[PDB]
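For reference, the structure discussed in these notes is given below.
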Amino acid sequence: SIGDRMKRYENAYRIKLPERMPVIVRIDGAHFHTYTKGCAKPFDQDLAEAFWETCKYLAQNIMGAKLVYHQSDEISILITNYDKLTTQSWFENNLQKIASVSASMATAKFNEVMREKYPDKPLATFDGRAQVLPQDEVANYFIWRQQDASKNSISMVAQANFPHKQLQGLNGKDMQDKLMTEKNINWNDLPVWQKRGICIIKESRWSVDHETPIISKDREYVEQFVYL
Amino acid sequence: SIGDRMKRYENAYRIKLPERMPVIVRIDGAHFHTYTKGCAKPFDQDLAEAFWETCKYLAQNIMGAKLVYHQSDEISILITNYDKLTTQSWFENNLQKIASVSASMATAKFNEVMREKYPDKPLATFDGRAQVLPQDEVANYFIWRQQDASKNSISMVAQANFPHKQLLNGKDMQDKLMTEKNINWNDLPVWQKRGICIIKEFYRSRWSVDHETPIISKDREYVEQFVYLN
Amino acid sequence: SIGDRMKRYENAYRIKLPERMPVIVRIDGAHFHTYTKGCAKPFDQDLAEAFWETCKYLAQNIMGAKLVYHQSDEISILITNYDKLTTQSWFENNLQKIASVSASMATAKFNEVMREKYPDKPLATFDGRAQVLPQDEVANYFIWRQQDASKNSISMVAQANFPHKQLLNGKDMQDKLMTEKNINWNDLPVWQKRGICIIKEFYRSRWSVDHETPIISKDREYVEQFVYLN
Amino acid sequence: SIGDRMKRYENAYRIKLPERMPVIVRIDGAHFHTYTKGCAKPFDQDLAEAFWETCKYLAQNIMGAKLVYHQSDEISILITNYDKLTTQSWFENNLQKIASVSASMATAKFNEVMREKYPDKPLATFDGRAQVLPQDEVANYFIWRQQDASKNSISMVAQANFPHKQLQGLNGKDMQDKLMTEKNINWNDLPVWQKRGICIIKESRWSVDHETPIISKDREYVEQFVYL
Ligand SMILES: Nc1ncnc2c1ncn2[C@@H]1O[C@H](COP(=O)(O)OP(=O)(O)OP(=O)(O)O)[C@@H](O)[C@H]1O
Ligand SMILES: Nc1ncnc2c1ncn2[C@@H]1O[C@H](COP(=O)(O)OP(=O)(O)OP(=O)(O)O)[C@@H](O)[C@H]1O
Ligand SMILES: Nc1ncnc2c1ncn2[C@@H]1O[C@H](COP(=O)(O)OP(=O)(O)OP(=O)(O)O)[C@@H](O)[C@H]1O
Ligand SMILES: Nc1ncnc2c1ncn2[C@@H]1O[C@H](COP(=O)(O)OP(=O)(O)OP(=O)(O)O)[C@@H](O)[C@H]1O
Ligand SMILES: [Mg+2]
Ligand SMILES: [Mg+2]
Ligand SMILES: [Mg+2]
Ligand SMILES: [Mg+2]
Ligand SMILES: [Mg+2]
Ligand SMILES: [Mg+2]
Ligand SMILES: [Mg+2]
Ligand SMILES: [Mg+2]
């Protein structure tokens, strides 16, 4: 049967993630150097709030979603499927389905919210990737993402205040000190989301936590959704 | 370090399709029974033309895109990456990236166009899946899709005329429409009966809707022209 | 170059299991209905002890091997790679390498031992498959294997006494042996009823056959002792 | 059901190769620097013939097998599954099954044949890996394998005739010329299998082709099994 051959051709890449373990989905903006060209540098409040609305929308429509992290143009989602013995998985842990629909959901909401304040902004697109993590690595994943957040934060602030040559090639600590003595800018005084991104947590409703801690010194902020 | 460790967890599902062979991407609307609940049944011209604009947008932005086929709420895209010896692959044939970005692109264009005439419509979403096919199965793929197009076409038309209980198979609902309701399915336009394709047309070049899209099973070269280069 | 191109085709199926989580490898004899056709039915002591020596050989040569379970012609191996923070993975958790080398090792030892007493026996072959499991499913895996061990055990014994047509389920063939043939299944030794495990025993250390291997469903710590390190 | 969960856990890595395209399996000896320590250097006739018997055994028991190539301690097998419209695949193109059983079959036959001439030789083990290739790349695969064969051949001959220091760091052409003027060894005069390995072809029976050509100048030697 032709339908039977095609079904096998399709099933050859019908990958499913193993169940009963943490699933991480990351959604990233495509060509967001071009897309955010024109936005307020180094940090656009309107753009960030559009991401946060997307994070909420994501957390609301994803089965098993427990925690959403945002920084720059990326969105990380922690998904668990082992709350109960009879807990089901989003799309039955189908890899291509989890990744594509997440990117779809993000795309739909982000473009809607952005074009409310910017009706002539070009279309925004996103990619999506899913994976699994052991329980003792979930907190580490977000710690990894927060460290990348701080590294990019400092660079973005130093880029919007100095020519490229000056920064080359300068450490994070250097650009931080140069921001202080030369521009009266104390990086530490910036709001949390600009320094290390923020998390969206269910409080029920999904809301932004502007007091999102440094996860490396408060791992339970993440692990409370990991070990149940 | 921690980043090295994290990089390996991610790479465990960094799947890549083997290169130099036909790639098929299918995009299907999520819960389009609810989303279309309010559209013109059995066939909505506004909704269909929103997919057609989406189909163009996809073909214009996908490296190696040769043909797009639309039917109902699904979009199949034929991608080839062996035109030359130096032909590169879209996202280097990364599985999760090809599927998601395709769904993202489809989502962006579709929602944009649909807002114009239907700003009250909720957000439309899509899923995406990618795969490879041997050269002598590409035509058979679209033939398989057209056969799924016709079976859905007859059911959609019949379910828009008769009651739920009153309606049997495809050959039954076809003559049930001819006799009982005096409606001829074979008289319907091409895109309603077996869907249509989107092909680059030359004049400069542009992606266009071909309403003279043939039955692939009776014209296999229509697809195979993009499958066999040399 | 050509090698770069070839390297990518191969890497399309260079699959790796995610690290820092339980790995299970199962090895199953190929066509062991024919290979064992000539052995002592229902249970052959020589054949079983050849698997036990194979099970030892596997555990001795597999990085992170914690427990091996034998039953019939299958061999399940529990591998952990998270003992320390610096624990490395066998073949870096390469799927095709873990499965094939396991099957190769099993093939080498088994054929060697079996030749000794049965040099007329044809070559024995095995397949191999690897996977991961969450920590709270490892015990459940072996429990699942022991439940498949008992159902096979009763059938093997019954099929060795009665005619093909004469034999119903497990509870039926169990009392059909007690009444009709006066044979008690529950009186049989452990390895025949529910298989056995191979665990490292301390005295120096060595892998040994534990004939006092309990029913895992009634003693989960027997397995979980290797699953949860801290 | 516990059996249903486990089945899903196992199916998470039940990978199948897409059908109706060339499948390549490569089997490689594990630790064959240690295993062949004691064998005749640079080329052991007995060891090579043991490989050839394995290649035959492989070609006889693998559904769809068309061509087997051997060099050093590796075995490459070309498998096709599109001879007819109703052609089936070995193990239904199950990846882990094709790779493991191939390595199993090789292991069984190789150890049997070797221990006929060397009953006290340690056990030999092998790994196995499978993949797909487009039709216009199959000939190139073996060309790639033959080029690696010649590269290793020259090095092995130069290693068994000179100390390590001398070779460092010398081209293939250099070691070839040094073999000539300094040891009266013309590499080109060596038998085919020592220079670039050989193929096992069905002639029916599977037999060694000691006249196996340089595939880069006779691609039809391979492509005759590719395009049918
Ligand atoms: N709040 C913000 N305001 C202004 N710009 C931002 C903001 N957040 C992120 N950006 C911009 O988004 C970009 C992120 O780039 P990234 O490294 O993700 O690659 P990209 O430009 O998105 O392209 P690709 O994702 O295809 O590699 C940065 O250049 C940064 O300037
Ligand atoms: N031109 C059109 N006009 C109106 N409705 C349409 C049109 N094309 C497709 N539809 C509707 O789209 C639906 C497609 O349903 P499908 O089988 O794809 O499942 P779904 O409802 O999309 O949910 P899911 O995709 O999650 O399975 C049909 O019910 C059909 O009524
Ligand atoms: N101790 C033993 N003595 C005799 N025979 C045994 C023993 N253990 C297992 N067997 C035999 O091994 C066979 C196992 O069959 P299994 O269900 O694994 O399929 P198979 O015959 O191995 O073929 P395949 O593995 O290709 O499916 C049984 O038929 C059983 O008779
Ligand atoms: N005919 C032969 N005679 C003597 N030695 C041989 C012969 N064929 C192959 N060898 C030896 O086999 C070895 C092949 O090594 P290879 O690069 O495959 O790694 P390996 O030693 O097999 O270990 P691993 O496969 O685990 O990396 C060479 O060192 C070579 O000396
Ligand atoms: Mg980006
Ligand atoms: Mg980014
Ligand atoms: Mg749909
Ligand atoms: Mg659909
Ligand atoms: Mg078996
Ligand atoms: Mg079995
Ligand atoms: Mg080797
Ligand atoms: Mg080798």
Side-chain angles (χ1 to χ4, degrees), chain A residues 26-36 51 70-75 103 106 110 124-129 148 152, chain B residues 26-36 51 70-76 97 100-101 104 106 124-129 145 148-149 151-153 155-156 195, chain C residues 26-36 38-40 42 44-52 54 70-75 103 110 114 118 121 124-129 148-149 151-153 155-158 160 188-189 191-192 195-196, chain D residues 61 90-92 94 97 100-101 104:
Chain A
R26 189 165 70 250
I27 303 169
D28 202 277
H31 309 287
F32 260 51
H33 185 75
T34 297
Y35 182 82
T36 67
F51 269 110
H70 168 261
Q71 146 259 121
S72 182
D73 71 326
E74 75 170 38
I75 295 175
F110 186 85
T125 51
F126 291 86
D127 88 310
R129 68 192 70 186
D148 179 80
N152 290 323
Chain B
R26 189 165 70 248
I27 290 150
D28 191 275
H31 304 300
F32 261 47
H33 56 274
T34 300
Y35 181 83
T36 62
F51 275 104
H70 171 256
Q71 154 257 119
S72 308
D73 67 330
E74 81 171 29
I75 296 182
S76 290
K97 222 171 182 180
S100 63
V101 171
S104 180
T125 54
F126 297 84
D127 88 311
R129 62 192 66 180
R145 291 287 91 193
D148 183 86
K151 189 172 63 178
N152 282 321
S153 185
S155 180
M156 281 165 62
Chain C
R26 189 165 70 248
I27 290 150
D28 191 275
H31 304 300
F32 261 47
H33 56 274
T34 300
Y35 181 83
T36 62
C39 293
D44 184 272
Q45 185 80 15
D46 282 329
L47 180 68
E49 288 181 5
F51 275 104
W52 300 347
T54 298
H70 171 256
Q71 154 257 119
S72 308
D73 67 330
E74 81 171 29
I75 296 182
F110 189 87
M114 212 64 188
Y118 303 90
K121 230 87 172 184
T125 54
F126 297 84
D127 88 311
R129 62 192 66 180
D148 183 86
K151 189 172 63 178
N152 282 321
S153 185
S155 180
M156 281 165 62
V157 170
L188 289 183
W191 73 266
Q192 293 180 354
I196 40 82
Chain D
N61 295 281
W90 193 33
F91 291 138
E92 303 167 323
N94 184 304
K97 211 166 178 63
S100 63
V101 176
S104 186

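Letters A, B, ... mirror the listed sequences (proteins, then strands); counts begin at 1. Order of appearance sets the numbers: ligands from 1, and atoms from 1 within every ligand.
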**OP:** In plain terms, say whether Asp127(C) and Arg129(C) are close enough for a salt bridge, that is, a side-chain N and a carboxylate O under 4.0 Å apart.
**Re:**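 The answer is yes: the pair qualifies as a salt bridge.
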Original post:
Less than 4.0 Å between a side-chain N and a carboxylate O, is that true for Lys97(D) and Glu92(D)?
Top reply: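 A salt bridge is absent here (no side-chain N lies under 4.0 Å from a carboxylate O).
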Original post:
Is the shortest heavy-atom distance from the side chain of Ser76(B) to the side chain of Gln71(B) under 4.5 Å?
Top reply: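 A side-chain contact is absent here, since even the closest heavy-atom pair is not under 4.5 Å.
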**OP:** Just let me know how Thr34(C) lines up against ligand 3, side chain, backbone, both or neither, with a heavy-atom cut-off below 4.0 Å.
**Re:**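 Near ligand 3, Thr34(C) shows nothing, with every heavy atom at 4.0 Å or more.
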**OP:** Select one of side chain, backbone, both or neither to describe which atoms of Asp44(C) lie under 4.0 Å from any atom of ligand 3, heavy atoms only.
**Re:**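 Both backbone and side chain.
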**OP:** Please determine if the Mg ion (ligand 8) has an N/O/S atom from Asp73(B) lying under 2.8 Å away.
**Re:**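 It does; at least one qualifying atom falls short of 2.8 Å.
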Subject >> Heavy-atom nearest neighbour of atom 10 (N) of ligand 3 within options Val101(D), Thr36(C), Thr125(C), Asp28(C) >> reply: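 That would be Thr36(C).
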Original post:
Hey, looking at atom 8 (N) of ligand 3, which of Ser72(C), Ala40(C), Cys39(C) has the closest heavy atom?
Top reply: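 Ranked by closest heavy atom to atom 8 (N) of ligand 3, first place is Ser72(C).
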**OP:** Return yes when at least one N/O/S atom of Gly29(A) is nearer than 2.8 Å to the Mg ion (ligand 5), and no when none is.
**Re:**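 Of the N, O and S atoms in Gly29(A), at least one lies under 2.8 Å from the Mg ion (ligand 5), which means yes.
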**OP:** Report yes or no: does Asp28(A) have an N/O/S atom closer than 2.8 Å to the Mg ion (ligand 5)?
**Re:**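 A backbone or side-chain N, O or S atom of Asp28(A) is under 2.8 Å from the Mg ion (ligand 5).
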Subject >> Aromatic contact, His33(A) with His31(A) (centres under 6.0 Å) >> reply: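 Ring centroids of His33(A) and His31(A) are no less than 6.0 Å from each other.
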Subject >> Centroid separation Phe126(C) to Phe32(C) less than 6.0 Å >> reply: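 Yes.
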**OP:** Search all heavy atoms of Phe51(A) against all heavy atoms of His70(A) and return the closest pair with its distance.
**Re:**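 Closest heavy-atom pair between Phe51(A) and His70(A): CG-NE2, 3.2 Å.
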**OP:** Of all the heavy-atom pairs spanning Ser104(D) and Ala103(C), show the shortest one and how long it is.
**Re:**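 Shortest heavy-atom separation between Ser104(D) and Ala103(C) comes out as OG-O, 4.3 Å.
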Subject >> Atoms of ligand 3 close to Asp73(C) [distance to a heavy atom under 4.0 angstrom, numbered from 1] >> reply: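 In order of number, 14 (C), 18 (O), 22 (O).
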**OP:** Report, in ascending order of atom number, the atoms of ligand 3 lying under 4.0 Å from any heavy atom of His33(C).
**Re:**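 Near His33(C), the atoms of ligand 3 are 20 (P), 21 (O), 23 (O).
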Subject >> Geometric N/O contact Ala30(C) with ligand 3, under 3.5 angstrom >> reply: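 By distance alone, the answer is no.
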Subject >> Short N or O distance, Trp191(C) and ligand 3, threshold 3.5 Å exclusive >> reply: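 Looking only at distances, the answer is no, because the N/O contact criterion of under 3.5 Å is not met.
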Original post:
Does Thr54(C) reach the main-chain N or O of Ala50(C) with its side chain, forming a donor-acceptor pair under 3.5 Å?
Top reply: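 Between the backbone of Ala50(C) and the side chain of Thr54(C) there is a qualifying donor-acceptor contact (under 3.5 Å).
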Original post:
Would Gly29(C) count as a contact of ligand 3 if the rule is a heavy atom under 4.0 Å away?
Top reply: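 Within the 4.0 Å threshold, so yes.
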